Amino acid sequence: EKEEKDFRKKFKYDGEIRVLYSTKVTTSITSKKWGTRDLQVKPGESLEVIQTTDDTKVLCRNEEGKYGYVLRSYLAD
């Protein structure tokens, strides 16, 4: 949706978005920390995991038609 433009906007990343290994949000996930390029996901939830952004970063995707980033700091394996 129009949300894709929001993600692609900052995620000008040109790749093959495909949830290959959907990881589960660890209760120790980010619940307070929220960034413009971050997702408002909650700890203890499950979302689709895309490809690794840089080295230790997994981009989650929601059927909501919007994407979000997650730092390895607070995320599942």
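As summarised from the PDB record, the model derives from solution NMR.

(A) Seen up close, the overall build of the protein. Counting secondary structure elements, the protein contains one helix and three strands. Along the protein, helices (α) and strands (β) appear in the sequence α-β-β-β when read from the amino end. Relative to the compact-globule value of 11 Å for 77 residues, the protein shows a C-alpha radius of gyration of 11 Å, a close match. Burial status across the protein gives 32% buried among its 77 residues. Across the protein, contacts joining residues at least 24 apart in sequence account for 46% of those joining residues at least 6 apart. By element, 42% of the accessible surface of the protein is carried by carbon and sulfur atoms, the whole surface being about 5600 Å². Averaged over its 16 positive side-chain charges, the protein has a centre that lies 5 Å from the centre of its 14 negative ones.

(B) Broad picture of the sheet that holds strand β3 (residues 66–71). Strand order in the open sheet formed by three strands is β1-β2-β3, with antiparallel pairing between adjacent strands. Because the sheet does not close on itself, it has two edges, and the strands there are β1 (48–52) and β3. Within the sheet, the average angular offset between the axes of one strand and its neighbour, ignoring direction, is 35 degrees. Here β1 runs beside strand β2 (residues 57–62); their pairing, made up of three bridges, is antiparallel. Its bridge partner lying in β2, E48 is registered against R61.

(C) Up close: the pattern of salt bridges. For the structure shown, the criterion picks out four salt bridges. A salt bridge links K66 to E3, with the nearest nitrogen and oxygen atoms 3.8 Å apart. One end of the pair, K66, is in strand β3; the other, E3, is in helix α1 (residues 2–10), and 63 residues separate them in sequence. The salt bridge partner of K42 is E45, with a shortest N-O separation of 3.8 Å.

Cut-offs used in this document
Residues numbered from 1 in each chain as written, not as in the entry; some residues may be left out. Heavy atoms only, no water. Helix = DSSP H or I, 4+ residues; strand = E, 2+ residues; numbered from the N terminus. Rg over C-alpha atoms; globule rule 2.2 N^0.38 Å. Buried < 20%, exposed > 50% of the residue type's maximum accessible area, 1.4 Å probe, protein only. Contact = heavy atoms within 4.5 Å. Areas by Shrake-Rupley, 256 points an atom, 1.4 Å probe, with all protein chains shown as cover. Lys, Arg positive; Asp, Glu negative; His and termini not counted. Charge placed at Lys NZ, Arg CZ, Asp CG, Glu CD. Pairing = 2+ DSSP bridges. Axes fitted to C-alpha atoms, helices over the stretch in contact; angles between N-to-C directions. Salt bridge = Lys/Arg side-chain N within 4 Å of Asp/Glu carboxyl O.

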